[PDB]
Amino acid sequence: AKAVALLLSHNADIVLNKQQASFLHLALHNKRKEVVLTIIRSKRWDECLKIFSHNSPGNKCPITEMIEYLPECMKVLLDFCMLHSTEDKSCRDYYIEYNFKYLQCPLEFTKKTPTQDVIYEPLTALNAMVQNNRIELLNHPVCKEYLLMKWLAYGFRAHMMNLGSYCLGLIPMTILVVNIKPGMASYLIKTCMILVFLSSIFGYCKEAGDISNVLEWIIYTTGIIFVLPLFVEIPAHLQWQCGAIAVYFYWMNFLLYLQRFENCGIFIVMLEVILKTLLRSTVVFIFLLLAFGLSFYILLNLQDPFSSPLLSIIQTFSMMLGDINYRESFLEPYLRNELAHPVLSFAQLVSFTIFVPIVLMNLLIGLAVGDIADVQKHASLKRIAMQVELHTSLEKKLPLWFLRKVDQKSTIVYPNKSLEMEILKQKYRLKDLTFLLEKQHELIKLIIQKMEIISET
Amino acid sequence: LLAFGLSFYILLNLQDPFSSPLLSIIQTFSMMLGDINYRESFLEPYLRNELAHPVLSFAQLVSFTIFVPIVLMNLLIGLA
Amino acid sequence: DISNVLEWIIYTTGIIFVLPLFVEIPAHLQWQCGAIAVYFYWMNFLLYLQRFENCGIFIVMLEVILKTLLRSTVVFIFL
Amino acid sequence: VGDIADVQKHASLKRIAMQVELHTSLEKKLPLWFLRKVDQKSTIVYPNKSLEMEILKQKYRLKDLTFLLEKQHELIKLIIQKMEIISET
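Protein sequences appear in the order of chains A, B, C and D.
With the entry's author numbering applied, the first sequence covers 561 to 745, 767 to 790, 802 to 1009, 1039 to 1078.
In terms of the entry's author numbering, the second sequence opens at residue 881 and continues consecutively.
In terms of the entry's author numbering, the third sequence opens at residue 802 and continues consecutively.
With the entry's author numbering applied, the fourth sequence covers 961 to 1009, 1039 to 1078.
Take a look at the structure:
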C-alpha cells in the first residue's frame, strides 16, 4: 500500500499492460485489501476507474471486479457514496444524499445497435452482487435506496400497467357474470364482451414478450371461449364451462398480481413448492378415495349407503369433506349387532378419521418444511435476487429516451415524513507468512554459506 | 369469496341456494365457516342427475374443500 | 423397513382371499382378508408410484411417520 | 419436526445416498451380458429439447509453517555454534 501511495503521489500514468489488466485489476485479482483501499481513499480514483478497456473478457469494469474479488472494499466504496447533513441531527431537518455512480454504467452502453462495443447490463453492479451471492452488499443502505429508486421510477409504474390491463379483463367478466343468468345464450353486454376479448389478445402479446405462465394460459384461452358468440355461435354448455373456469382463476391470479406489489419475492418461489404439494395431494387423495371407498364397500355392504361401489366411494368422499354422522353410520349399527366385521370396521375408523389425517399432515408439513427451509435459507438473498432480475428484464425492454427523463443519479431522503470472510482473510495473511519465512530461510542458508569459520572449524 | 362465490353461481344455478349471486356468495361464505351438508347440496343432486356440470362441480369441490384449505395453510405457515 | 411389512400384509391376505380355488374356506375369513388387502394395495401403490421420483426422503420419512402412528395409537386408546 | 429436521439436515445427502444403493443393489443382480449393451461410457446432452475444507487447508499450511521454522531454527543454532567471536568475546 505504501509503495502504491508513494507512486500515485507522483505523476505515474495509469496505463494498461497489453493484457488489458490494469493497475486496479491487478491488485484485485490477488485480493490485496490494503492496496485498493489506498486507491479508493486517495485522489485520481476517477482517472483510475475510466481505463477498464471494454474489449477485455477477463478484466472487466473494476467495480464489477471489486464485487467479485474484494467485496469488503466495495463496502468502503459504498460508504463514500452516502453523504450526510450537518452534525446537528435535527429530526425535522435531516439531509442524506445517496450517489449511484458506482452502481450502474452510463445508459449509452446499455443498448445500441450502432457504435456499441459490448452488451453491458443496465443494473451492472447489482447483478454482480447477486451472481456472486454478496448478501452483505445487497443489504447496504445505498443498494436498498437504489432499488427503491428504480421501484418508484419505472418498476411500480409497469406493475400498475400490468395490473391495469389485467383489471381491464377481470372487471368485465365479473360484470358479465352477475348481470346475465348462467346457462343461457341490454346494449352493455356487447361492449363488455369485446373488452374481455381485447384484454385477452393483449394478454397473449404480454405473454409473448413457471406457474404464472400456465395460470394465465387457463385464463386467456377460457376468456375467448366465453366470449366466442360475438364471432361464431358456440353451444352454451361449453361457453359456461369455460366461463366458470375463467372466473375462478381470475381471482386466483388477482391474488398473485396484488401480492407482487410487495417486493417479497418468496411467494413466487413458494409457488413452485405449493403446486408440487397440490400435484402430490391430488394423487394421494384419489388413492385414499379408492382404498377407503372399496374397503368400506366390503366391510359395510349390509348398510344402505355402502351398497354399491359408486355409493361407497361417494359416501367416503363425503367423509373426507367432513359430512357424516358417525353415530348413525357406524356406532348405532354396532350396538344393534348388524355390523359384520366390528373389530375391522373400528380399526378402519381409527385409521381413516384419526391416523391418515395425522400421518398425512405430519408427512405433508414435513415435505413442505423441507422445501420451505430450502427457500428460507437464502430468503433475503432470493428476495433481492428476483428483485433485480425483475428490474433488469424490464430495463431491457424500456426505450432509451424514456430513461433519459425518469432515471435519477442521486436521491435525497428526509427522515421527517462475517465468518467465511474472516477465515479467507486469515488464509491470505498466512500465505504471506509462508512467503516471508521462505525468503528469510534463504538468507540464513546464505549466512552459513558465506561466513568466517576459524575457531570452531 | 368472490372466486368461489361466482364459480358456484355458474355451475350450480339450477339449485335453490345458488340462484342469485348474493345467495351464492352467502352460501359460499357459509361453507368457508364450515356449515353445509355436502350430501344435500352436491352429492344427492349428482345422483338425481340434475347437476349441469358434474365433472366440474366435483373438481370445484375437491379444490374448495381440500386444496385451498391445504394449499393456503402450507403457504400461510410457510410465510409465518 | 416398512416396505417389507406392508407387502407382507399384502401378500398373505392376497392368498387367503383367493384360497377357494384350492381349498374351501368360510367366506367370513375370505372377505376379512379381502378388505385388508384392498385397502393396503392402494396404500402401497402410493409408495410404488412415489418411487418414480428420485426424492428418497419419503421412505426416510416412512420410518418417522410409522413411529408417529404407533405412538398415536396408544395415545388415542388412553384418551 | 425434531425427527424431520434430523432427516432434512442431510436431505440432499440422503437422497443421493439411497439413489446409488438402489442402483448398486440392482447392478449386483443384473447379468453381465445385459450390461454389455445398455451401459454407455458417454452421454451427449442438448439444451434444445466450504468452511470445513477451508480450516483443514489452513491447518496443513500451518503444519508446513511449523516444519519450516523448526528447520530454520536449527540453522540459527548452527550459525551461533560455528562463528568468529573475537571483539565481543
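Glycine included, every Cβ here is placed at the ideal spot set by N, Cα and C.
Here DSSP, grouped into helix, strand and coil, assigns A:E864 to helix.
The C-beta of C:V865 comes closer than 8 Å to at least one C-beta of chain D. Residue state for B:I906 is assigned as helix, using DSSP reduced to three classes. The C-alpha of D:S1039 lies about 42 Å from the C-alpha of A:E808. Rounded to whole angstroms, A:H589 and A:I695 show a C-alpha spacing of 21 Å. For A:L990, the closest alpha carbon among the candidates A:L863, A:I740, A:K671 is that of A:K671. By the Cβ criterion, the region 928-943 of chain A is in contact with the region 889-905 of chain A, since at least three pairs of Cβ atoms, one from each stretch, lie closer than 8 Å.
D:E1077 sits in coil when the DSSP states are folded into three classes, being neither helix nor strand.
Note on geometry: alpha-carbon atoms of C:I878 and C:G835 lie some 26 Å from one another. With a threshold of 16 other beta carbon atoms within 10 Å, C:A838 meets it and is buried. A:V961 does not reach chain C, its nearest Cβ partner there being about 11 Å away, counting only Cβ pairs nearer than 8 Å.
DSSP places A:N845 in the uninterrupted alpha helix (DSSP H) bounded by 828-851. In the three-state reduction of the DSSP assignment, A:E681 falls in the coil class, being assigned neither a helical nor a strand state.
Within chain A, the residues placing a beta-carbon under 7 Å from that of C:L847 are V876, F879, ordered along the chain. Interface annotation for the region 1047-1071 of chain A against chain D: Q1047, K1048, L1051, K1052, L1054, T1055, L1058, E1059, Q1061, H1062, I1065, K1066, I1068, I1069, criterion Cβ-Cβ distance under 9 Å.
At a C-beta separation below 8 Å, D:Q979 has no neighbours in chain A, since its nearest C-beta there lies roughly 17 Å away.
With at least 16 other beta carbons inside 10 angstroms of its own, A:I811 counts as buried.
Apart from sequence neighbours up to five positions away, the residues of its chain that approach A:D999 with a beta-carbon distance below 8 Å are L667, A713, ordered along the chain. Among the CB atoms of chain A, one or more fall inside 8 Å of the CB of B:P901. The Cβ atoms of A:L697 and A:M689 sit closer than 8 Å to each other. C:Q831 is positioned such that its CB atom lies closer than 8 Å to that of C:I817. By the Cβ neighbour-count rule, D:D1053 is exposed, with fewer than 16 other Cβ atoms within 10 Å of its own.
In the DSSP assignment, A:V1005 is bridged to A:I656. Here B:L936 is not near B:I905, since their CB atoms are 8 Å or more apart.
Per DSSP, reduced to three states, the secondary structure at B:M953 is helical. Following the DSSP letters along the chain, one finds A:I803 in no alpha helix (DSSP H), marked with neither H nor E. One alpha carbon belongs to A:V967, the other to A:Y629, and they sit about 26 Å apart. DSSP lists no beta-bridge partner residue for A:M912.
In terms of CA proximity to A:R872, B:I946 leads the group B:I946, B:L913, B:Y926, B:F922. Sequence-distant Cβ neighbours of D:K974 in its own chain, meaning closer than 8 Å and more than five residues away, are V967. The closest CA to that of A:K610, considering only A:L566, A:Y654, A:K661, A:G729, is found on A:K661.
When beta bridges are read from the DSSP output, A:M642 appears opposite A:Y658. Closer than 8 Å to the CB of C:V819 there is not a single CB belonging to chain A. Under the three-state reduction of DSSP, A:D648 is assigned to coil, being neither helix nor strand. Inclusion of B:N917 and A:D896 in the CB contact set at 8 Å is not warranted, their separation being larger than that value. Exclusion of the five residues before and after A:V819 leaves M774, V777, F778 as the residues of its chain whose Cβ lies within less than 7 Å of its Cβ.
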